[PDB]
Amino acid sequence: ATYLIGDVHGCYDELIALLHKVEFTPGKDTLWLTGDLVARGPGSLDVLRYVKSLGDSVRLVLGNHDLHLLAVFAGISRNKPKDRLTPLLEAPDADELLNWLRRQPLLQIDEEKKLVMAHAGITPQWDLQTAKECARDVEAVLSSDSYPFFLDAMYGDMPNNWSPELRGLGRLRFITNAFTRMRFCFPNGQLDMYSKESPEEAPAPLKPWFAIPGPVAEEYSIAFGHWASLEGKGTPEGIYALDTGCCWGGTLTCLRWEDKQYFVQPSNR
Ligand SMILES: [Mn+2]
Ligand SMILES: [Mn+2]
């Protein structure tokens, strides 16, 4: 079977309970994870150990909190106490875990399932070939010996409009923001980098990225996390918002792909 789970955010206990509920069996089942494995929740270290141990039975995409963790680890950014990353950072196996983490994709595609996954979604200004190439560019920098320089460069909210003639720092920043921070769009597809509230509360003319027709979303289903104020509701057919805010006292959501059946674990907080 195929299972998709939203942002775990260090909620190791809830993740294991949810997986036991569906009797996830490595080697017979595959787990897709929408990223943001770490931060807020108490057990980022345990989540990383477990997910890494799953090997080929897991398909991950990196989120904005995974990339922030890598930036803290590399000395690029300051550790925030509320993230509760210190046990993972100080762990004897931290180098191994994080060198594995930075090697993971930004985008997962399964042609047989007609399924695409990224942390925040697929921006409507991209087709599948462009999404693939941008994923590869950022993955190449993240998995290189020089990744701290990229991580330092990634911060910033501009440029917010895609053009194939984007080059250098601006190109990398747009790709990163589109894959891991995108929520709202302007009518032409421009990224808004400020509003984090629900669609109902969004000021005009902002619309969810998935409310704007795009080539990928017309040929593929898209699963994503990141957007917790969405609370997994209000998406069109073929769009699955799996982030239901476990770390925030909400729930961890699992979707079985074969029958589109949902399973939920309540937050312990
Ligand atoms: Mn996120
Ligand atoms: Mn999140």
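Annotations
- Of all residues in segment 1-36, those satisfying the criterion of being of a type in the set (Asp, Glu) and assigned to a helix (DSSP H, G or I) are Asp13, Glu14.
- Applying the criterion of being part of a strand (DSSP E or B) and either away from ligand 2 (no atom under 16 Å from the Cβ) or without any contact (Cβ under 8 Å) to a residue 40 or more places away in the chain (or both) to the residues of segment 212-234, the residue that is farthest from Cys185 (Cα to Cα) is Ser221.
- Qualifying residue in segment 96-104 (condition: more than 16 Å from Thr34 (Cβ to Cβ), in a helix (DSSP H, G or I) and not hydrophobic (A, V, I, L, M, F, W, C)): yes
- Matching residues, segment 142-187, being free of Cβ contacts under 8 Å to residues at least 40 places away in the same chain, within 19 Å of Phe210 (Cβ to Cβ) and assigned to a loop (DSSP other than H, G, I, E, B): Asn160, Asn161, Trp162, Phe186, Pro187
- Restricted to segment 19-51, and to residues there that are closer than 18 Å to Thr2 by Cα and among the charged types (D, E, K, R), the residue that is farthest from ligand 2 (Cβ to nearest atom) is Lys28.
- Considering each residue of segment 235-256 in turn, at least one proves to be closer than 20 Å to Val22 by Cα, surrounded by fewer than 17 Cβ atoms within 10 Å (Cβ to Cβ) and away from ligand 2 (no atom under 16 Å from the Cβ).
- If you go through segment 105-124 and keep only what is buried (at least 16 other Cβ atoms within 10 Å of the Cβ) and either within 16 Å of ligand 2 (Cβ to nearest atom) or of a type in the set (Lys, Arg) (or both), you end up with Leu106, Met117, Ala118, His119, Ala120, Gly121.
- When residues of segment 124-141 are limited to those that are part of a helix (DSSP H, G or I) and of a type in the set (D, E, K, R), the one nearest to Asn99 (Cα to Cα): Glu139
- Meets criteria (touching a residue at least 40 places away in the same chain (Cβ under 8 Å) and more than 18 Å from the chain's Cα centre (by Cα)) for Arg40: no
Here Cβ is always computed from backbone atoms with ideal geometry, including for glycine, and neighbour counts include all displayed protein chains. Read-outs: derived from the displayed coordinates by stated rules, not from any lab.
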